[PDB]
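Enquirer: I'm passing along final24.pdb; it holds PDB, C-alpha atoms.
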```
ATOM      1  CA  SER A   1    -153.271 -66.779  62.303  1.00  0.00           C
ATOM      2  CA  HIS A   2    -156.241 -64.409  62.208  1.00  0.00           C
ATOM      3  CA  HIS A   3    -154.188 -61.612  63.785  1.00  0.00           C
ATOM      4  CA  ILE A   4    -151.501 -61.714  61.082  1.00  0.00           C
ATOM      5  CA  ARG A   5    -154.062 -61.563  58.262  1.00  0.00           C
ATOM      6  CA  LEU A   6    -155.762 -58.485  59.735  1.00  0.00           C
ATOM      7  CA  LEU A   7    -152.489 -56.546  59.940  1.00  0.00           C
ATOM      8  CA  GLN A   8    -151.455 -57.564  56.417  1.00  0.00           C
ATOM      9  CA  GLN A   9    -154.755 -56.040  55.264  1.00  0.00           C
ATOM     10  CA  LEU A  10    -154.272 -52.797  57.211  1.00  0.00           C
ATOM     11  CA  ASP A  11    -150.852 -52.224  55.630  1.00  0.00           C
ATOM     12  CA  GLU A  12    -152.449 -52.412  52.177  1.00  0.00           C
ATOM     13  CA  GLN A  13    -155.095 -49.848  53.158  1.00  0.00           C
ATOM     14  CA  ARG A  14    -152.636 -47.171  54.297  1.00  0.00           C
ATOM     15  CA  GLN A  15    -150.547 -47.644  51.137  1.00  0.00           C
ATOM     16  CA  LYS A  16    -153.657 -46.858  49.049  1.00  0.00           C
ATOM     17  CA  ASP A  17    -155.013 -43.958  51.169  1.00  0.00           C
ATOM     18  CA  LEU A  18    -157.911 -46.031  52.507  1.00  0.00           C
ATOM     19  CA  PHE A  19    -159.513 -44.538  55.639  1.00  0.00           C
ATOM     20  CA  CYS A  20    -156.295 -42.566  56.238  1.00  0.00           C
ATOM     21  CA  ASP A  21    -157.200 -39.827  58.728  1.00  0.00           C
ATOM     22  CA  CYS A  22    -153.611 -39.158  59.869  1.00  0.00           C
ATOM     23  CA  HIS A  23    -150.919 -37.573  57.695  1.00  0.00           C
ATOM     24  CA  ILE A  24    -147.311 -37.376  58.896  1.00  0.00           C
ATOM     25  CA  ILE A  25    -144.899 -34.910  57.274  1.00  0.00           C
ATOM     26  CA  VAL A  26    -141.267 -35.923  57.853  1.00  0.00           C
ATOM     27  CA  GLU A  27    -138.810 -33.835  55.799  1.00  0.00           C
ATOM     28  CA  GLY A  28    -141.368 -33.092  53.097  1.00  0.00           C
ATOM     29  CA  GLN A  29    -142.226 -36.738  52.453  1.00  0.00           C
ATOM     30  CA  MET A  30    -145.834 -37.443  53.428  1.00  0.00           C
ATOM     31  CA  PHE A  31    -146.912 -40.632  55.208  1.00  0.00           C
ATOM     32  CA  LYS A  32    -150.561 -41.713  55.293  1.00  0.00           C
ATOM     33  CA  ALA A  33    -151.758 -44.034  58.054  1.00  0.00           C
ATOM     34  CA  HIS A  34    -154.706 -44.861  60.313  1.00  0.00           C
ATOM     35  CA  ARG A  35    -155.192 -42.807  63.471  1.00  0.00           C
ATOM     36  CA  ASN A  36    -156.659 -45.754  65.404  1.00  0.00           C
ATOM     37  CA  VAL A  37    -153.494 -47.838  64.897  1.00  0.00           C
ATOM     38  CA  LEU A  38    -150.966 -45.175  65.926  1.00  0.00           C
ATOM     39  CA  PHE A  39    -152.892 -44.632  69.168  1.00  0.00           C
ATOM     40  CA  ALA A  40    -152.463 -48.341  69.960  1.00  0.00           C
ATOM     41  CA  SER A  41    -148.803 -48.616  68.889  1.00  0.00           C
ATOM     42  CA  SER A  42    -147.129 -45.342  69.951  1.00  0.00           C
ATOM     43  CA  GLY A  43    -147.241 -43.410  73.207  1.00  0.00           C
ATOM     44  CA  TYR A  44    -146.538 -40.119  71.432  1.00  0.00           C
ATOM     45  CA  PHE A  45    -149.528 -40.598  69.127  1.00  0.00           C
ATOM     46  CA  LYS A  46    -151.479 -41.891  72.133  1.00  0.00           C
ATOM     47  CA  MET A  47    -151.044 -38.398  73.634  1.00  0.00           C
ATOM     48  CA  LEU A  48    -151.178 -36.215  70.510  1.00  0.00           C
ATOM     49  CA  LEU A  49    -154.339 -37.857  69.138  1.00  0.00           C
ATOM     50  CA  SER A  50    -155.927 -38.252  72.589  1.00  0.00           C
ATOM     51  CA  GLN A  51    -157.490 -34.776  72.550  1.00  0.00           C
ATOM     52  CA  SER A  52    -158.904 -35.134  69.021  1.00  0.00           C
ATOM     53  CA  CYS A  53    -160.003 -38.753  69.384  1.00  0.00           C
ATOM     54  CA  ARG A  54    -163.750 -38.235  68.814  1.00  0.00           C
ATOM     55  CA  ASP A  55    -163.634 -35.237  66.426  1.00  0.00           C
ATOM     56  CA  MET A  56    -164.514 -37.009  63.173  1.00  0.00           C
ATOM     57  CA  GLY A  57    -163.653 -34.158  60.821  1.00  0.00           C
ATOM     58  CA  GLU A  58    -160.686 -33.266  58.670  1.00  0.00           C
ATOM     59  CA  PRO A  59    -157.731 -35.674  58.944  1.00  0.00           C
ATOM     60  CA  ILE A  60    -155.233 -34.886  61.686  1.00  0.00           C
ATOM     61  CA  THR A  61    -151.798 -33.889  60.379  1.00  0.00           C
ATOM     62  CA  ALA A  62    -148.711 -34.356  62.551  1.00  0.00           C
ATOM     63  CA  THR A  63    -145.307 -32.872  61.753  1.00  0.00           C
ATOM     64  CA  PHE A  64    -141.763 -33.946  62.587  1.00  0.00           C
ATOM     65  CA  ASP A  65    -138.360 -32.320  62.119  1.00  0.00           C
ATOM     66  CA  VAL A  66    -136.380 -34.446  64.603  1.00  0.00           C
ATOM     67  CA  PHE A  67    -135.685 -37.466  62.349  1.00  0.00           C
ATOM     68  CA  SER A  68    -135.232 -38.129  58.644  1.00  0.00           C
ATOM     69  CA  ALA A  69    -137.900 -39.286  56.206  1.00  0.00           C
ATOM     70  CA  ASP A  70    -136.036 -42.544  55.562  1.00  0.00           C
ATOM     71  CA  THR A  71    -135.696 -43.228  59.297  1.00  0.00           C
ATOM     72  CA  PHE A  72    -139.434 -42.740  59.841  1.00  0.00           C
ATOM     73  CA  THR A  73    -140.219 -45.031  56.894  1.00  0.00           C
ATOM     74  CA  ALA A  74    -138.594 -48.079  58.508  1.00  0.00           C
ATOM     75  CA  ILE A  75    -140.483 -47.475  61.762  1.00  0.00           C
ATOM     76  CA  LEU A  76    -143.816 -46.849  60.028  1.00  0.00           C
ATOM     77  CA  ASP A  77    -143.392 -50.091  58.084  1.00  0.00           C
ATOM     78  CA  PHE A  78    -142.742 -51.820  61.418  1.00  0.00           C
ATOM     79  CA  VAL A  79    -146.020 -50.488  62.847  1.00  0.00           C
ATOM     80  CA  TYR A  80    -148.042 -52.144  60.063  1.00  0.00           C
ATOM     81  CA  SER A  81    -145.939 -55.323  59.827  1.00  0.00           C
ATOM     82  CA  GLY A  82    -143.942 -55.903  63.004  1.00  0.00           C
ATOM     83  CA  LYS A  83    -140.658 -56.296  61.090  1.00  0.00           C
ATOM     84  CA  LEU A  84    -137.875 -53.750  61.606  1.00  0.00           C
ATOM     85  CA  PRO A  85    -134.942 -53.637  59.136  1.00  0.00           C
ATOM     86  CA  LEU A  86    -131.900 -52.895  61.281  1.00  0.00           C
ATOM     87  CA  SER A  87    -128.318 -52.230  60.209  1.00  0.00           C
ATOM     88  CA  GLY A  88    -125.249 -50.332  61.346  1.00  0.00           C
ATOM     89  CA  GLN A  89    -126.357 -47.217  59.463  1.00  0.00           C
ATOM     90  CA  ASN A  90    -129.907 -46.945  60.834  1.00  0.00           C
ATOM     91  CA  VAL A  91    -129.717 -48.526  64.312  1.00  0.00           C
ATOM     92  CA  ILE A  92    -128.905 -45.144  65.885  1.00  0.00           C
ATOM     93  CA  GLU A  93    -131.511 -43.038  64.067  1.00  0.00           C
ATOM     94  CA  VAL A  94    -134.208 -45.670  64.645  1.00  0.00           C
ATOM     95  CA  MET A  95    -133.445 -45.702  68.379  1.00  0.00           C
ATOM     96  CA  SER A  96    -133.636 -41.904  68.620  1.00  0.00           C
ATOM     97  CA  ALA A  97    -136.847 -41.856  66.564  1.00  0.00           C
ATOM     98  CA  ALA A  98    -138.429 -44.684  68.575  1.00  0.00           C
ATOM     99  CA  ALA A  99    -137.902 -42.893  71.899  1.00  0.00           C
ATOM    100  CA  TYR A 100    -139.460 -39.674  70.575  1.00  0.00           C
ATOM    101  CA  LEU A 101    -142.473 -41.761  69.501  1.00  0.00           C
ATOM    102  CA  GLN A 102    -142.525 -43.586  72.877  1.00  0.00           C
ATOM    103  CA  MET A 103    -142.331 -47.145  71.519  1.00  0.00           C
ATOM    104  CA  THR A 104    -140.563 -49.254  74.144  1.00  0.00           C
ATOM    105  CA  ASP A 105    -140.532 -52.414  72.013  1.00  0.00           C
ATOM    106  CA  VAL A 106    -138.502 -50.817  69.208  1.00  0.00           C
ATOM    107  CA  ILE A 107    -136.008 -49.403  71.727  1.00  0.00           C
ATOM    108  CA  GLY A 108    -135.338 -52.882  73.103  1.00  0.00           C
ATOM    109  CA  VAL A 109    -134.541 -54.344  69.685  1.00  0.00           C
ATOM    110  CA  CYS A 110    -132.162 -51.455  68.969  1.00  0.00           C
ATOM    111  CA  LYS A 111    -130.294 -52.108  72.226  1.00  0.00           C
ATOM    112  CA  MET A 112    -129.986 -55.786  71.277  1.00  0.00           C
ATOM    113  CA  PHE A 113    -128.480 -54.813  67.916  1.00  0.00           C
ATOM    114  CA  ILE A 114    -126.123 -52.436  69.744  1.00  0.00           C
ATOM    115  CA  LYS A 115    -125.033 -55.297  72.017  1.00  0.00           C
ATOM    116  CA  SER A 116    -124.139 -57.279  68.870  1.00  0.00           C
ATOM    117  CA  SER A 117    -121.664 -54.574  67.775  1.00  0.00           C
ATOM    118  CA  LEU A 118    -118.583 -52.807  69.135  1.00  0.00           C
ATOM    119  CA  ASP A 119    -118.216 -49.041  69.584  1.00  0.00           C
ATOM    120  CA  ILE A 120    -115.279 -47.497  71.448  1.00  0.00           C
ATOM    121  CA  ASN A 121    -113.859 -44.004  71.953  1.00  0.00           C
ATOM    122  CA  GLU A 122    -111.267 -42.351  69.726  1.00  0.00           C
TER     123      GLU A 122
ATOM    124  CA  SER B   1    -147.055 -62.969  66.640  1.00  0.00           C
ATOM    125  CA  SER B   2    -146.800 -60.930  69.839  1.00  0.00           C
ATOM    126  CA  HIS B   3    -147.108 -57.570  68.067  1.00  0.00           C
ATOM    127  CA  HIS B   4    -150.235 -58.686  66.194  1.00  0.00           C
ATOM    128  CA  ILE B   5    -151.978 -59.990  69.329  1.00  0.00           C
ATOM    129  CA  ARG B   6    -151.189 -56.835  71.312  1.00  0.00           C
ATOM    130  CA  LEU B   7    -152.507 -54.585  68.535  1.00  0.00           C
ATOM    131  CA  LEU B   8    -155.789 -56.493  68.315  1.00  0.00           C
ATOM    132  CA  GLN B   9    -156.163 -56.560  72.101  1.00  0.00           C
ATOM    133  CA  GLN B  10    -155.696 -52.778  71.954  1.00  0.00           C
ATOM    134  CA  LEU B  11    -158.199 -52.270  69.124  1.00  0.00           C
ATOM    135  CA  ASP B  12    -160.869 -54.252  70.983  1.00  0.00           C
ATOM    136  CA  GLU B  13    -160.410 -51.962  73.991  1.00  0.00           C
ATOM    137  CA  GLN B  14    -160.781 -48.862  71.800  1.00  0.00           C
ATOM    138  CA  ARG B  15    -164.219 -49.761  70.428  1.00  0.00           C
ATOM    139  CA  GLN B  16    -165.476 -50.472  73.959  1.00  0.00           C
ATOM    140  CA  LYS B  17    -164.582 -46.886  74.951  1.00  0.00           C
ATOM    141  CA  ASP B  18    -165.721 -45.121  71.735  1.00  0.00           C
ATOM    142  CA  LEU B  19    -162.179 -44.255  70.623  1.00  0.00           C
ATOM    143  CA  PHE B  20    -161.892 -43.382  66.913  1.00  0.00           C
ATOM    144  CA  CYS B  21    -165.211 -45.163  66.278  1.00  0.00           C
ATOM    145  CA  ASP B  22    -166.461 -43.842  62.930  1.00  0.00           C
ATOM    146  CA  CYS B  23    -168.823 -46.769  62.233  1.00  0.00           C
ATOM    147  CA  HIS B  24    -172.000 -47.493  64.199  1.00  0.00           C
ATOM    148  CA  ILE B  25    -173.966 -50.690  63.563  1.00  0.00           C
ATOM    149  CA  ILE B  26    -177.608 -50.962  64.653  1.00  0.00           C
ATOM    150  CA  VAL B  27    -178.642 -54.618  64.991  1.00  0.00           C
ATOM    151  CA  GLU B  28    -182.077 -55.051  66.604  1.00  0.00           C
ATOM    152  CA  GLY B  29    -181.831 -51.733  68.440  1.00  0.00           C
ATOM    153  CA  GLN B  30    -178.525 -52.495  70.153  1.00  0.00           C
ATOM    154  CA  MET B  31    -175.784 -50.221  68.819  1.00  0.00           C
ATOM    155  CA  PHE B  32    -172.256 -51.474  68.132  1.00  0.00           C
ATOM    156  CA  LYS B  33    -169.360 -49.044  67.715  1.00  0.00           C
ATOM    157  CA  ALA B  34    -166.280 -50.189  65.809  1.00  0.00           C
ATOM    158  CA  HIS B  35    -163.639 -49.054  63.323  1.00  0.00           C
ATOM    159  CA  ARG B  36    -164.575 -49.176  59.646  1.00  0.00           C
ATOM    160  CA  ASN B  37    -160.975 -49.810  58.560  1.00  0.00           C
ATOM    161  CA  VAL B  38    -161.002 -53.123  60.456  1.00  0.00           C
ATOM    162  CA  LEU B  39    -164.456 -54.175  59.244  1.00  0.00           C
ATOM    163  CA  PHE B  40    -163.334 -53.397  55.688  1.00  0.00           C
ATOM    164  CA  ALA B  41    -160.446 -55.842  56.184  1.00  0.00           C
ATOM    165  CA  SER B  42    -162.505 -58.609  57.829  1.00  0.00           C
ATOM    166  CA  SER B  43    -165.883 -58.612  56.028  1.00  0.00           C
ATOM    167  CA  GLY B  44    -166.750 -58.571  52.340  1.00  0.00           C
ATOM    168  CA  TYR B  45    -170.135 -56.963  52.997  1.00  0.00           C
ATOM    169  CA  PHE B  46    -168.515 -53.988  54.734  1.00  0.00           C
ATOM    170  CA  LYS B  47    -165.802 -54.064  52.059  1.00  0.00           C
ATOM    171  CA  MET B  48    -168.585 -53.166  49.594  1.00  0.00           C
ATOM    172  CA  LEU B  49    -170.742 -50.912  51.788  1.00  0.00           C
ATOM    173  CA  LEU B  50    -167.812 -48.706  52.854  1.00  0.00           C
ATOM    174  CA  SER B  51    -166.200 -48.721  49.390  1.00  0.00           C
ATOM    175  CA  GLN B  52    -168.130 -45.665  48.176  1.00  0.00           C
ATOM    176  CA  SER B  53    -167.517 -43.644  51.358  1.00  0.00           C
ATOM    177  CA  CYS B  54    -163.936 -44.788  51.916  1.00  0.00           C
ATOM    178  CA  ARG B  55    -162.231 -41.362  51.775  1.00  0.00           C
ATOM    179  CA  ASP B  56    -165.080 -39.171  53.112  1.00  0.00           C
ATOM    180  CA  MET B  57    -163.726 -38.353  56.577  1.00  0.00           C
ATOM    181  CA  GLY B  58    -166.946 -36.941  57.979  1.00  0.00           C
ATOM    182  CA  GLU B  59    -169.820 -38.015  60.198  1.00  0.00           C
ATOM    183  CA  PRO B  60    -169.686 -41.660  61.342  1.00  0.00           C
ATOM    184  CA  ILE B  61    -171.346 -44.171  59.032  1.00  0.00           C
ATOM    185  CA  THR B  62    -174.340 -46.007  60.514  1.00  0.00           C
ATOM    186  CA  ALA B  63    -175.220 -49.454  59.154  1.00  0.00           C
ATOM    187  CA  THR B  64    -178.410 -51.380  59.899  1.00  0.00           C
ATOM    188  CA  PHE B  65    -179.236 -55.086  59.974  1.00  0.00           C
ATOM    189  CA  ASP B  66    -182.498 -56.997  60.377  1.00  0.00           C
ATOM    190  CA  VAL B  67    -181.394 -60.389  58.998  1.00  0.00           C
ATOM    191  CA  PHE B  68    -179.687 -61.754  62.146  1.00  0.00           C
ATOM    192  CA  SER B  69    -180.032 -61.309  65.890  1.00  0.00           C
ATOM    193  CA  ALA B  70    -178.105 -58.839  68.033  1.00  0.00           C
ATOM    194  CA  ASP B  71    -176.495 -61.662  70.024  1.00  0.00           C
ATOM    195  CA  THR B  72    -175.375 -63.403  66.826  1.00  0.00           C
ATOM    196  CA  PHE B  73    -173.746 -60.188  65.601  1.00  0.00           C
ATOM    197  CA  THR B  74    -172.089 -59.725  69.003  1.00  0.00           C
ATOM    198  CA  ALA B  75    -170.322 -63.100  68.854  1.00  0.00           C
ATOM    199  CA  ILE B  76    -169.114 -62.403  65.310  1.00  0.00           C
ATOM    200  CA  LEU B  77    -167.979 -58.867  66.150  1.00  0.00           C
ATOM    201  CA  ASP B  78    -166.059 -60.268  69.122  1.00  0.00           C
ATOM    202  CA  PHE B  79    -164.383 -62.705  66.717  1.00  0.00           C
ATOM    203  CA  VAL B  80    -163.273 -59.840  64.462  1.00  0.00           C
ATOM    204  CA  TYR B  81    -161.456 -58.138  67.357  1.00  0.00           C
ATOM    205  CA  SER B  82    -160.087 -61.315  68.978  1.00  0.00           C
ATOM    206  CA  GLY B  83    -159.983 -64.131  66.431  1.00  0.00           C
ATOM    207  CA  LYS B  84    -161.707 -66.600  68.780  1.00  0.00           C
ATOM    208  CA  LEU B  85    -165.272 -67.670  67.996  1.00  0.00           C
ATOM    209  CA  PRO B  86    -167.281 -69.645  70.584  1.00  0.00           C
ATOM    210  CA  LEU B  87    -169.390 -72.090  68.567  1.00  0.00           C
ATOM    211  CA  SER B  88    -172.059 -74.516  69.751  1.00  0.00           C
ATOM    212  CA  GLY B  89    -175.118 -76.361  68.504  1.00  0.00           C
ATOM    213  CA  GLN B  90    -177.401 -73.450  69.388  1.00  0.00           C
ATOM    214  CA  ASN B  91    -175.530 -70.710  67.501  1.00  0.00           C
ATOM    215  CA  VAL B  92    -173.773 -72.589  64.669  1.00  0.00           C
ATOM    216  CA  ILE B  93    -176.726 -71.956  62.339  1.00  0.00           C
ATOM    217  CA  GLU B  94    -177.204 -68.256  63.105  1.00  0.00           C
ATOM    218  CA  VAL B  95    -173.449 -67.612  63.001  1.00  0.00           C
ATOM    219  CA  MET B  96    -173.093 -69.399  59.652  1.00  0.00           C
ATOM    220  CA  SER B  97    -175.998 -67.481  58.103  1.00  0.00           C
ATOM    221  CA  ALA B  98    -174.687 -64.199  59.527  1.00  0.00           C
ATOM    222  CA  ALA B  99    -171.113 -64.942  58.431  1.00  0.00           C
ATOM    223  CA  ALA B 100    -172.169 -65.615  54.836  1.00  0.00           C
ATOM    224  CA  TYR B 101    -174.226 -62.407  54.720  1.00  0.00           C
ATOM    225  CA  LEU B 102    -171.104 -60.585  55.947  1.00  0.00           C
ATOM    226  CA  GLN B 103    -168.950 -62.489  53.409  1.00  0.00           C
ATOM    227  CA  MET B 104    -166.393 -63.905  55.859  1.00  0.00           C
ATOM    228  CA  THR B 105    -165.061 -67.145  54.380  1.00  0.00           C
ATOM    229  CA  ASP B 106    -162.999 -68.015  57.467  1.00  0.00           C
ATOM    230  CA  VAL B 107    -166.002 -68.039  59.815  1.00  0.00           C
ATOM    231  CA  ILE B 108    -167.990 -70.269  57.442  1.00  0.00           C
ATOM    232  CA  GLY B 109    -165.196 -72.847  57.458  1.00  0.00           C
ATOM    233  CA  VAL B 110    -165.117 -73.069  61.252  1.00  0.00           C
ATOM    234  CA  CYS B 111    -168.906 -73.436  61.312  1.00  0.00           C
ATOM    235  CA  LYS B 112    -168.697 -76.246  58.748  1.00  0.00           C
ATOM    236  CA  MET B 113    -166.044 -77.941  60.894  1.00  0.00           C
ATOM    237  CA  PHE B 114    -168.380 -77.805  63.898  1.00  0.00           C
ATOM    238  CA  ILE B 115    -171.136 -79.228  61.679  1.00  0.00           C
ATOM    239  CA  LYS B 116    -168.847 -82.174  60.932  1.00  0.00           C
ATOM    240  CA  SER B 117    -168.482 -82.486  64.727  1.00  0.00           C
ATOM    241  CA  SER B 118    -172.272 -82.868  65.069  1.00  0.00           C
ATOM    242  CA  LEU B 119    -175.015 -85.212  63.868  1.00  0.00           C
ATOM    243  CA  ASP B 120    -178.049 -84.212  61.795  1.00  0.00           C
ATOM    244  CA  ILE B 121    -180.583 -86.785  60.584  1.00  0.00           C
ATOM    245  CA  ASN B 122    -184.138 -86.657  59.245  1.00  0.00           C
ATOM    246  CA  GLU B 123    -187.250 -86.683  61.419  1.00  0.00           C
TER     247      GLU B 123
END
```
Can the structure in the file be given as structure tokens, please?

Expert:
Amino acid sequence: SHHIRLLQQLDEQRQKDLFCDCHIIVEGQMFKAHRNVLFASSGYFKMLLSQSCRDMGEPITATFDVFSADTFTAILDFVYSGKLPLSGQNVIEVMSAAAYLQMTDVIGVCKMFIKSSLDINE
Amino acid sequence: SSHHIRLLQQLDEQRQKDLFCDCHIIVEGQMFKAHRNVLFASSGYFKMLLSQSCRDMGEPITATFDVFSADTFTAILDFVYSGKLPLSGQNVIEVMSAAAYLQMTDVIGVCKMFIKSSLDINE
């Protein structure tokens, strides 16, 4: 019970630019978040922010041109909530984006949604 | 529930290795490193102390305390990063006083429950 309350509070902080030391530019749209949470939830951020993990200065700004801004929004909301909105339109882009970010848990849910659908060759 | 537990088990490991620790807390000499964004979400006192310097990404903020013991603050800080508080007759008073000073309503309720599980009469 205590764990859920803490994460519901962290999501409110990043949506108000509270202690946000990590900006993420995906197709122009900016995403503010906490650098200590991405390190714990993504292998990519665990490696990018590893070097500058004790340099308390200007906020670290990551950039991405491999996925869309809307695709990254669903994943970023999952990081601060644990709920991923999947559908036939986004299941592919979310899977590609999750692998780039090195999040094994998201990849598994995408494969389960793929198993619940049919895709054949033309 | 699994994602929440894993994240908190990861955050507790970070503060014990000085990873992204921008908040130092000096309680009776012993220093405690932690994340201010988690203390802001779990304590009303820190929600007010860090309110002014909430967007000033600079040197780490250093708080001081002389109202409770270092061991009392250690048990509470371990509760923040785990959600499990070990209460007993020896520490229920110090934890309750420290929890109120830190403005954590949840900790006070568990202390009051342990008080109901104990006996206190006059001398």

Enquirer: If you count all atoms listed in the file, which residues fall within 7 Å of range 81-87 of chain A, apart from same-chain ones fewer than 3 positions away, as a list in words?

Expert: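 Once the nearby chain positions are removed, what remains is residues 7, 8, 74, 75, 77, 78, 90 and 91 of chain A; 3 of chain B.
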
Enquirer: May I ask which of the residues A:46, A:54, A:14, A:32 is the closest one to chain B, counting all atoms listed in the file?

Expert: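 Of the candidates, the smallest distance to chain B is held by A:54.
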
Enquirer: Can you work out which residues from chain A touch chain B at a cut-off of 9 Å (counting all atoms listed in the file) and hand them back as a ChimeraX atom specification?

Expert: /A:1-7,9-10,13,17-21,34-37,40-41,50,53-59,79,81-82

Enquirer: Report as a PyMOL selection string the residues that result from applying the PyMOL selection byres ((chain B and resi 112-118) around 8) to the structure here.

Expert: chain B and resi 87-89+92+108-111+119-120

Enquirer: Go ahead and compute the interatomic distance for CA of residue 107 in chain A and CA of residue 25 in chain A, in Å to one decimal.

Expert: 22.3 Å
